[PDB]
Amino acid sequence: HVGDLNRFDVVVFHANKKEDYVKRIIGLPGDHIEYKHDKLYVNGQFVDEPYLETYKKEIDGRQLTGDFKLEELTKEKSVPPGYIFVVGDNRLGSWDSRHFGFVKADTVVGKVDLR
């Protein structure tokens, strides 16, 4: 492989920039997710999110999580088998499944014990 390379050649090379990310599971396989007016609905049922209270407090009456129905962001109406839908607690500053879609479950390397 190096034999075909010459000094001063301009080359394209591939680099595998692996990275670990930390997010909260909101949807498991089969779940429909909707946010409306800062409230989470999983399969149409409201679910309280106490871990977001501090983030909501900090933004003074403003909405923390933008409204969406899962199918408006992913084109799939439920989390696909083998995948999860994750969202960061720091909603306004988090890149998550709202942006990059579903995460394959077998890429999860650990669970966090939050203290």
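Heads up: residue numbers just count along the shown sequence, starting at 1.
Colleague: Quick one: say whether 10 to 18 or 95 to 103 has the higher mean Cα B-factor in the deposited entry.
Modeller: Stretch with the greater average CA B-factor: 10 to 18.
Colleague: Mean C-alpha B factor from the entry: is it higher for 80 to 88 or for 48 to 56?
Modeller: It is 48 to 56 that shows the higher mean C-alpha B-factor.
Colleague: Grab the CA temperature factor for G66 from the record and place it in the lowest, middle or highest third of its chain.
Modeller: Tercile = middle for this residue's CA B-factor.
Colleague: Would the CA B-factor of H32 place it in the lowest, middle or highest third of its chain?
Modeller: Its C-alpha B-factor belongs to the lowest third of this chain's values.
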